[PDB]
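Novice: Below: one structure in structure tokens.
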Amino acid sequence: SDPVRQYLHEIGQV
Amino acid sequence: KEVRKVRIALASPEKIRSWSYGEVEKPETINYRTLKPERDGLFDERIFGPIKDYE
Amino acid sequence: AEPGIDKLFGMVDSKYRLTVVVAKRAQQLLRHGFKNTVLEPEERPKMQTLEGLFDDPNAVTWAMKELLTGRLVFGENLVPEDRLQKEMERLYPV
Amino acid sequence: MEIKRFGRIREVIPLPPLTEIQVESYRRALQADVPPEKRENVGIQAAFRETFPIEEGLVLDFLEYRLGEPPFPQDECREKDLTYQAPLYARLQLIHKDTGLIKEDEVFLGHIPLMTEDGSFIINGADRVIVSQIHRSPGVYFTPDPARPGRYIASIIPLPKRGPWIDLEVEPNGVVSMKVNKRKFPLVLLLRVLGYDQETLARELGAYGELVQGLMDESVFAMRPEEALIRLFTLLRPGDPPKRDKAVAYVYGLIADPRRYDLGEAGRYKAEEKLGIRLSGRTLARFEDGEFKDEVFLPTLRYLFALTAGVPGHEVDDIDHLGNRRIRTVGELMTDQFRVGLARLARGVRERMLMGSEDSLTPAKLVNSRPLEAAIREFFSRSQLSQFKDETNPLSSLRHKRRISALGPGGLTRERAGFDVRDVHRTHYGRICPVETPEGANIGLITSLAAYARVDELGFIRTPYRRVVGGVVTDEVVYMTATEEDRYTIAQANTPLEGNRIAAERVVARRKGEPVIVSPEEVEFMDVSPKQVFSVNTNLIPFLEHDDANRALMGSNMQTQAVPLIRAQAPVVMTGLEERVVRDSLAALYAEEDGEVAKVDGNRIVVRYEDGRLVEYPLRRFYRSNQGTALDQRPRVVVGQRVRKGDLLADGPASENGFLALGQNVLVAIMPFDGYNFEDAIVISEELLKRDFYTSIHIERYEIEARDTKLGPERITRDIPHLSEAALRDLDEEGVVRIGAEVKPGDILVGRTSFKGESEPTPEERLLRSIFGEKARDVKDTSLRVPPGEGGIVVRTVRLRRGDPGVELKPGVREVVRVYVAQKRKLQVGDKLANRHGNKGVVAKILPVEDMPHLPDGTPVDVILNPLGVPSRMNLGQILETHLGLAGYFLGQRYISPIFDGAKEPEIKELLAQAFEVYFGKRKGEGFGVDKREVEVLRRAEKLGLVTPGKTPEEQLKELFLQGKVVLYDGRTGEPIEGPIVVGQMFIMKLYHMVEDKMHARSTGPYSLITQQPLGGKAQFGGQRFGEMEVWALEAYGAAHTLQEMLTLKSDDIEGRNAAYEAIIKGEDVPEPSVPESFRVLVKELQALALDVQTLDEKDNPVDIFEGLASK
Amino acid sequence: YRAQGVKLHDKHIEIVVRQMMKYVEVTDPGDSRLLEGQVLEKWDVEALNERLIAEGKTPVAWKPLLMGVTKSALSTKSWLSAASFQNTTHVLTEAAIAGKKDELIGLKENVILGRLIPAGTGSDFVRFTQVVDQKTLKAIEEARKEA
Amino acid sequence: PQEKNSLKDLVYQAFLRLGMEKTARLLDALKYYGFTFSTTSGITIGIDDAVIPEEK
Amino acid sequence: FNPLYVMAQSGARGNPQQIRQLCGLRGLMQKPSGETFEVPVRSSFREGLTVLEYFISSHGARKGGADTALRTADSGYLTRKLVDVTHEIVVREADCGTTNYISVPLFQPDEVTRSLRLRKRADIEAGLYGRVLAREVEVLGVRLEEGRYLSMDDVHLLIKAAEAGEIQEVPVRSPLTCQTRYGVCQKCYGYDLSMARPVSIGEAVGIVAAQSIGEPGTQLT
Amino acid sequence: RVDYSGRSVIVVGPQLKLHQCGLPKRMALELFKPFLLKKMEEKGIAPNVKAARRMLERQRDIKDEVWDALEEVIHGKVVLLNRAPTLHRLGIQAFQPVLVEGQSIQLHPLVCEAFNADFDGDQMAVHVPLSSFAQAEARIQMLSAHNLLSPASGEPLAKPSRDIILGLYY
Amino acid sequence: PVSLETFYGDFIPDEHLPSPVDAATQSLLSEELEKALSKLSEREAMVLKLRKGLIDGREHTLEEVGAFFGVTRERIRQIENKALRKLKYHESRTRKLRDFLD
RNA sequence: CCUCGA
DNA sequence: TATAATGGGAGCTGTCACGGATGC
DNA sequence: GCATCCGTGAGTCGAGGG
Ligand SMILES: [Mg+2]
Ligand SMILES: [Zn+2]
């Protein structure tokens, strides 16, 4: 959907 | 020869590369002083063609 | 209305064939300088100059009038194309 | 000439200032006359108080702003293509919370455009108007659910872009749902976040049968406000981590944050009046002592449940009611864009507060004004409501300023505009004119403020009524909104009055828009005037009550298209509004106080007032308007003339002695004429041109630039290659055409030379050069020439140069030259004329005088209108205008016939008899009896039943004259028209649509870049579009070659079109067409889409339409 | 049309309706390669079925299909026509996947190509007609007569 | 009296019987005389030509 | 010889309802909701209306303007769709040889269903004029032969015959039953209505059909 | 978009014959400009084509004999007139042009109905068919006087109007 | 730069491709130069065409044209001079090539 | 885009 | 080239009819 | 089988103003 939200989630994994 | 039919079909990466006269490797259009096209950019005469007739 | 348009429509099986006949004949007349006309000197369409009556420059007016006389022959596959071209160039040079 | 006015209605109040909707709105938004500390929290002051303080130095706060004086006057602004604006400064203080250090400074935020006296603007040298916008007012509404009868939807609506719309519905499963940003969730959750408990909601909402049961969910009451808040934050934000402070922030910004959510002041008022509550702020809830506190939601749900159950005193809402639609005027729209630019400035302020030295920061180091500047610049240059001002005539501008649009930013997108928005709602009465709207796509979406109407501080439109108590009509006039008006019984303005008492036992009145017959005891108010129902333009139509509305629309609209004429006249029949329109449009110049006129000049009037002070009024003379019509003023006083306050000094454009002069009074015959007025065409007499009727001045502006190039400079010069003295005759030493010269199409206005480029001489050029032994010059002729179909007399030249005082141009341009060309336009064949009753047509024939129908005394008629235009148009007002015009033509007088209270048939007949005496007894004393032709026409008229048999010829001619008809002789035969003909004076205007501007032709010309098809438009020497439907026409005729020609040889087959032009100039037949270039463009664009498009032959083997040039 | 006083001949409506009925749907493939539910043209299925009946095979069971004017125009054989109508993306993707050949039968296709349309003076029925005077006609007749 | 329908039928019948050349000549003649006579006919519109019947 | 009466009766201008509004009453008007106001405008444009009457009328005036405005778009769109379905339909041959035809009925069932009554003249003309008979018809001692293009007189005769009970339906060649591929043949189409004679092969007949249906589109109320 | 085309306001042309239309002189010059150049060469008006074009470039360089040449150019030819919207095929029709002074196209009374044309400000576009085939099509198939009956109904389409009807009725 | 689709590009003509008038003008120029070259001898017309570069696109030096005709560079220069001279005479006489010089 | 005209 | 700095920010929405996937 | 969300369409030609 929203790419920056997706990237921020993937970053919040580590 | 006279045109009779018109066909439309998917294009293979090989077909596409066969259309191509060169790869556009830089996101450059024209030079800020000379106003001429940049090498390997979107307007390069090396790929697309001469800007002036027979020159 | 174009003079005698009803008879012209009588001559063909489809009005568009009339149009094709007339246009090809107008092209013949223009290409050969009207030297190939089937029109007698008195049947020549005339236009009123400031000096006096001169010939009509309009090849379509001509071609229609020619068609009304019966002296023209129209139809499909009456002669090979290049043969008609060369024979007209022979009888009427450009 | 004497002016007789009709009508018995005495109007208590004059029309309000007609541009006040603009001027007062903008004054309120700016408050520039108010000392800062006394300013209210409205306007740009409100924008400042919304943005500031800015926090997280640590704090930046706002003290006050101020507006300076404009850098340049309005005339100079029009000259130099500037904006008429004032510098804006704001006093800000930076405060470090820890250091306590306080640094305060007056920072410069850029310029704000200023409104002129008449309510317009000057943006980049062009006058513009900010059009008011109509929209749904903020508030709480209740509508019937269209899906489920008996169920209703509650809607909470804030101001545009001040928060989301919220819906409350009662689901088929019984639970009450809230929808926000297209997200349905149970309302009980948010109710719990508000801090409500099941006990409070059960005692509040329990009285409604079975409804509160859908509100009871135990899993919701089992969690404290914190957990329910996190629950809602997860329901509204999938994927975002549910941190407590983040949920508080989001929900606060959604409902309680006044910097983000804002009902109007009107939104708050309407919510309060509807739900029976009182609001502390303008949000739906508050953040108080760490917890959310409810304002709006619970009353809304109470009202919704009550409307569903059917409990009395609860009703659905009509969203088209003018009590639920409001107007956003210029001040509000500009303040909104100011607020947006300020928000950007504050985001940049915080971004700067995080970076940079924390110790050393000023207000100036923190604030970048550029985004605010940008917001103002875009609102005034490119907004939809910011329109190129229509100043064709003064009424054009006044009407433009009183417009109301339903489109625009936050407005209805078209095709979302059905019948309801476009309807005239009963509440339009007295507020929005029911006739003045565009025909076509915009119908109903652009409307006009009624003449007496006013927009209040909440943005609702109010109309005046007279207080009536016990059959007595006071002079107290109360301005009501539609909501207030629906409370009363309002009698019609024409109700018979003896003194101030009602004289009819049956009175026509309105109750909630419904017409009702009522006793004087029941009358609560009364209309002020019929004028109050119509716009300013409709109010200019005499005998409006006799014109069907669909043509009154056209006459109304077309008055704004009338061209100012050099001999313009006021109408011989007027409505009485003709002078207020001149006064309020600031057309004419007036006397400021009593005094004596000292000097009178073509250019200036000097007046000495009662103070002894000497005031000098300069006159605008031959100025060009937005539409190219001459705007100028002429002195109407004389030296030594004594003048009182408010007396006419100079007449503006289209003004005769202070009266609105949109056209000319012409002598008209209503009869067919040899087909030359077939289907609304018009016939006119050459006599109209001889005496300069319908002649207008028009000024055109031409502009050219000389810039620095990479091949050398352009220059304005008189030295132009290959041009004779014949070509350069009217050019002065510098190369600009001389003032006063006559310029024709092809003539040079400004000589300019440009250095040639990419120059490779082709061998023909080299050989021709050697043959004629002439060097090819370095430069070439790029001069500005008169375009085809234009020309006139040069009346002005402006020249701006780089390196000259006060002059700085866009980078690279050395100089700019503007030439002004005036032309005098006589009426001609194809020009559009029209009257105030929607009768419009184009002049199709101009007859010499001796062919015009003429009266027996030798007077010929001015124009001949076809009677076939009248029946189905049903605009009989023009006929009454014509009869009264005949009467006034012979009595030498003019009239004022107010709409719905004006000249009736019997009084027109009296005037016509008085006129007949002048028209006939003069003859009978001059020694002439009745004429043979008149006798024959009288016989014909007797057969028509138009006169009574047995009366004398004079009695019968008078019977005809009383019907408006007269004997008329055909000027070609001298024989009479077999009938008596309607003849009289009619007011007729020349509209802006003149065949001079519209006639265009093209053989060949410029082609478009990508498509290689001709350009469009008269200015680009363009070609006509042969669209899909013209193609269908040609296909239907079966004209294959005509169509193929349209598609190839005439548009974008390059080889074809070149070969065709060469063939025709050689006298050869045209060559066969080939592939149109835009088909090749299509093929290459499909290849760009990774689709291979192959032209094949009958053996299915490819064919190359690119002739190998695209294959390796 | 009658209620508004418009006189309009039935045959125009009949032509449009005939285009609305252009297609059919397969109920049983029979011996064909077609599938149950496959939509195609009545003309094409009648051709296939006469080919299978003259071959002795089983004919395709098919049912008539009414589709409205938009859907009928988008289902036409010519992809140039359909793509220029609307749904340009959908039409072009399915045409490209199927490798469709446009035979330029109708008017829109040839307009798009700039070709001379197949109607009126561009009809194959009349466009090859020749005109000759009796002089040139007999002068060619003699040249045919000497050989 | 000659009106819209009868003149339409005249034009149609003339087309059928005499061809479009003659029908065009006929149409021009009808045009000429119609315009000529409508000029001198006395047709006009005054407010008194909209006759309120007493039956109203 | 009154001007309004003359213009109306001749067809040069005006219709009864407009003349009525000019002379008699103006009439009942609609509220914005489409509901009708109980009391009408009793005035004529000769007499002049009251401001209230004028206002009451403005509702319908505006609704009609908006109807026209929103209508022309739908008409144009419809025309384009009709063009796109029909554009390939051309008269391609002189006869496809089909033995199939349609039967235009001359009688329609009464709404009472009391009988089957005659159709209106114009309707029969619009279904029959210019068509080609697909079968011999013998009526009123006249033979209308198979292959005959029905003149207007042939149609009026067939109407007369139906009035005498001789024929209730006419068999006729029609584009519905033509078997010409990519279009239509000459006999199944019949007259080129613009020329009152059989259609020329090559006539772009589908475009003509689309334009014929679409052109009155903005008149339909 | 297309070459050899123009547009102007339409005006009623009662004196016109059914196959004619009034065409402004200057419109006609620009529309037929290549033919005019050719003819000006065919006569003494210009030594060559380029001189003739430079002669028509400026309005005060234009002299009388070029108008007579224009008359000799347009003889027998037709132009197409078009009114928008083009609802059916008679929104385009062919006419012999009669050169008029003034800037307004003159349209024949009997064709207005087919064009849905009146004279409250309507404007039409002119197109010049170029080839002998284009002119044959336009003069035969699209000429106004050859298209008298509706292709939709069969009834007369060019028929007496209200003004015409009024005199005949009277 | 700014966007062509602001459309804003539909007001932008094409200065590159020669117009129909320019194409026809160069056509008549080539035809009239050949008309005038025909009034010379074939050798002097060929010398002019080689010196102007018309035959192969570029202009030859006097030594190349002279070695092409087998003659001294002074001789080929004199032939070019007299050919140009006869051209100037014919042109002053018939005034046919004047208009094309702009 | 807007407004305007048909 | 070295103090430490560690998950964004804009968000008004008054149409309607069609095919088609998505769910209950 | 039947509600629901997504996507795609919704007159032409002009003119001007940008
Ligand atoms: Mg009109
Ligand atoms: Zn058939």
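Residues in the structure tokens are numbered from 1 in each chain, the chains being A, B, ... in the order shown, and ligands are numbered from 1 in the order shown.
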Specify as a list in words all residues of chain F found within 10 Å of chain G, counting only C-alpha atoms.
Specialist: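 Contact residues on the first chain: residues 1, 2, 3, 4, 5, 6, 12, 15, 16, 19, 20, 42, 43, 44, 45, 46, 47, 48, 49, 50, 51, 52, 53, 54, 55 and 56 of chain F.
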Novice: Could those residues be written to a file, using C-alpha atoms, as a compact mmCIF listing (two decimals), in the first residue's frame?
Specialist:
```
# COMPACT_ATOMS: atom_id res chain seq x y z
CA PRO F 1 -54.19 27.40 -47.76
CA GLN F 2 -50.53 26.53 -48.23
CA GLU F 3 -48.83 25.70 -44.92
CA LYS F 4 -46.00 23.54 -43.58
CA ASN F 5 -47.52 20.14 -44.31
CA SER F 6 -48.89 20.92 -47.75
CA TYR F 12 -41.87 15.36 -51.87
CA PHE F 15 -39.04 15.13 -56.04
CA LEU F 16 -40.71 11.85 -57.03
CA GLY F 19 -36.14 14.87 -60.02
CA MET F 20 -33.95 16.85 -57.70
CA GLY F 42 -48.62 43.31 -43.04
CA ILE F 43 -47.65 40.67 -40.46
CA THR F 44 -46.47 42.27 -37.20
CA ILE F 45 -46.83 41.96 -33.42
CA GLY F 46 -48.32 44.58 -31.12
CA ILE F 47 -49.40 43.98 -27.56
CA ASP F 48 -53.01 44.21 -28.81
CA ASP F 49 -52.45 41.19 -31.07
CA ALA F 50 -52.42 38.86 -28.03
CA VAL F 51 -56.18 38.71 -27.68
CA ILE F 52 -57.58 37.82 -24.26
CA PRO F 53 -60.89 36.03 -24.88
CA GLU F 54 -63.89 37.13 -22.83
CA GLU F 55 -64.46 33.46 -21.97
CA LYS F 56 -61.36 33.60 -19.72
```
Novice: How would you write, as a PyMOL selection string, the set of residues no farther than 10 Å from ligand 1 when counting only C-alpha atoms (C1' of nucleotides) and all ligand atoms?
Specialist: (chain D and resi 679-680+840-842) or (chain H and resi 10+116-123) or (chain J and resi 5-6)
Novice: Give the residues of chain B that lie within 8 Å of chain D; count only C-alpha atoms, and format the answer as a list in words.
Specialist: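 My answer is residues 1, 2, 3, 4, 5, 6, 7, 8, 9, 10, 11, 16, 19 and 21 of chain B.
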Novice: Go through the chains and note each residue within 6 Å of ligand 2, using only C-alpha atoms (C1' of nucleotides) and all ligand atoms, then give the set as a list in words.
Specialist: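 Using only C-alpha atoms (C1' of nucleotides) and all ligand atoms, I find these residues within 6 Å of ligand 2: residues 95, 96, 98, 178, 179, 180, 184, 185 and 188 of chain G.
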Novice: At a cut-off of 8 Å, using only C-alpha atoms (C1' of nucleotides), what residues contact region 151-161 of chain H? Leave out same-chain residues fewer than 5 positions from it and give the result as JSON, numbers by chain.
Specialist: {"E": [7, 8, 9, 12], "F": [4, 7, 8, 11, 12, 27, 30, 31], "G": [12, 126, 192, 193, 194, 195, 196, 208, 209, 212, 213], "H": [109, 110, 111, 113, 114]}
Novice: Hey, list the chain H side of the contact with chain L: 8 Å cut-off, only C-alpha atoms (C1' of nucleotides), answer as an NGL selection string.
Specialist: :H and (83-86)
Novice: List the neighbours of region 128-139 of chain H out to 6 Å using only C-alpha atoms (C1' of nucleotides); skip same-chain residues closer than 4 positions along the sequence, and give me the result as a ChimeraX atom specification.
Specialist: /C:19,23 /D:1039,1041-1042,1070 /H:4,79,94,143
Novice: Using only C-alpha atoms (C1' of nucleotides), select each residue of chain I with any atom at most 12 Å away from an atom of chain J, and give the selection as a PyMOL selection string.
Specialist: chain I and resi 6-8
Novice: Could you turn the residues from that selection into a file that holds N, CA and C atoms, as a compact mmCIF listing (two decimals), in the first residue's frame?
Specialist:
```
# COMPACT_ATOMS: atom_id res chain seq x y z
N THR I 6 1.28 21.40 -19.14
CA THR I 6 0.70 22.25 -18.11
C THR I 6 -0.76 22.61 -18.41
N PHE I 7 -3.48 21.98 -23.18
CA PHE I 7 -2.12 21.91 -22.66
C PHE I 7 -1.28 23.11 -23.06
N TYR I 8 -0.11 23.24 -22.41
CA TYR I 8 0.81 24.33 -22.69
C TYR I 8 1.64 24.09 -23.95
```
Novice: Report as a ChimeraX atom specification the set of chain H residues whose atoms approach chain D to within 7 Å, with distances computed over only C-alpha atoms.
Specialist: /H:1-9,11-12,14,27,30-35,37-38,57-59,86,88-89,92,102-104,118-121,129,131,133-134,137,141-142,163
Novice: List the spatial neighbours of residue 68 (chain H) as a ChimeraX atom specification - criterion: any atom at most 9 Å away, only C-alpha atoms (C1' of nucleotides), same-chain residues fewer than 5 positions off excluded.
Specialist: /C:49-50 /H:73
Novice: What does the file look like for those residues with N, CA and C atoms, as a JSON list (two decimals), in the first residue's frame?
Specialist:
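The new file selection13.json reads:
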```
[["chain", "number", "residue", "atom", "x", "y", "z"],
["C", 49, "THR", "N", -14.80, 35.68, -68.61],
["C", 49, "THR", "CA", -13.70, 36.56, -68.22],
["C", 49, "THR", "C", -14.15, 38.02, -68.26],
["C", 50, "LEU", "N", -13.28, 38.90, -67.78],
["C", 50, "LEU", "CA", -13.52, 40.33, -67.99],
["C", 50, "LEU", "C", -13.37, 40.70, -69.46],
["H", 73, "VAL", "N", -10.22, 31.35, -60.23],
["H", 73, "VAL", "CA", -9.73, 30.16, -59.52],
["H", 73, "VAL", "C", -10.90, 29.32, -59.02]]
```
Novice: What's the 6 Å shell around region 72-78 of chain G, counting only C-alpha atoms (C1' of nucleotides), without same-chain residues fewer than 2 positions away, as a PyMOL selection string?
Specialist: (chain G and resi 69-70+80-81+217-218) or (chain L and resi 11)
Novice: Which residues are near region 3-14 of chain A? Cut-off 10 Å, only C-alpha atoms (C1' of nucleotides), ignore same chain within fewer than 6 positions. Put them as a PDB file with N, CA, C and O atoms (P, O5', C5', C4', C3', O3' and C1' of nucleotides), in the first residue's frame.
Specialist:
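Full text of part-v8.pdb as output:
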```
ATOM      1  N   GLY D 239      -0.951  -1.182  11.355  1.00  0.00           N
ATOM      2  CA  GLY D 239       0.475  -1.174  11.119  1.00  0.00           C
ATOM      3  C   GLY D 239       1.262  -0.170  11.936  1.00  0.00           C
ATOM      4  O   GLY D 239       2.473  -0.353  12.116  1.00  0.00           O
ATOM      5  N   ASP D 240       0.621   0.878  12.432  1.00  0.00           N
ATOM      6  CA  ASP D 240       1.324   1.870  13.236  1.00  0.00           C
ATOM      7  C   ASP D 240       1.386   1.401  14.688  1.00  0.00           C
ATOM      8  O   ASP D 240       0.362   0.985  15.240  1.00  0.00           O
ATOM      9  N   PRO D 241       2.556   1.431  15.323  1.00  0.00           N
ATOM     10  CA  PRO D 241       2.681   0.925  16.704  1.00  0.00           C
ATOM     11  C   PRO D 241       1.801   1.699  17.670  1.00  0.00           C
ATOM     12  O   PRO D 241       1.852   2.937  17.726  1.00  0.00           O
TER      13      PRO D 241
ATOM     14  P    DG K   7      13.663   6.487  15.706  1.00  0.00           P
ATOM     15  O5'  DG K   7      13.098   6.737  14.237  1.00  0.00           O
ATOM     16  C5'  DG K   7      13.078   5.678  13.284  1.00  0.00           C
ATOM     17  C4'  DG K   7      11.900   5.848  12.341  1.00  0.00           C
ATOM     18  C3'  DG K   7      10.749   6.662  12.918  1.00  0.00           C
ATOM     19  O3'  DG K   7      10.067   7.366  11.893  1.00  0.00           O
ATOM     20  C1'  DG K   7      10.058   4.413  12.619  1.00  0.00           C
ATOM     21  P    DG K   8       9.166   8.642  12.273  1.00  0.00           P
ATOM     22  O5'  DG K   8       8.677   9.208  10.860  1.00  0.00           O
ATOM     23  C5'  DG K   8       9.612   9.462   9.823  1.00  0.00           C
ATOM     24  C4'  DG K   8       9.032  10.435   8.810  1.00  0.00           C
ATOM     25  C3'  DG K   8       8.193  11.549   9.405  1.00  0.00           C
ATOM     26  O3'  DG K   8       8.399  12.731   8.686  1.00  0.00           O
ATOM     27  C1'  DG K   8       6.819  10.129   8.047  1.00  0.00           C
TER      28       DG K   8
END
```
Novice: How many Å separate CA of residue 147 (chain D) from CA of residue 163 (chain D)?
Specialist: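 So the two atoms, CA of residue 147 (chain D) and CA of residue 163 (chain D), lie 26.6 Å apart.
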Novice: Extract the full set of alpha helix (DSSP H) residues from chain C according to DSSP on the backbone, and format it as a ChimeraX atom specification.
Specialist: /C:5-11,15-31,59-69,81-91
Novice: Report the closest atom pair, with its distance in Å rounded to one decimal, for each residue of chain C that has an atom no farther than 8 Å from chain D; count only C-alpha atoms, sort by chain and then rising residue number, and write it as JSON lines.
Specialist:
```
{"residue": "C:16", "atom": "CA", "partner": "D:1038", "partner_atom": "CA", "distance": 7.7}
{"residue": "C:27", "atom": "CA", "partner": "D:1069", "partner_atom": "CA", "distance": 7.4}
{"residue": "C:30", "atom": "CA", "partner": "D:1069", "partner_atom": "CA", "distance": 7.7}
```
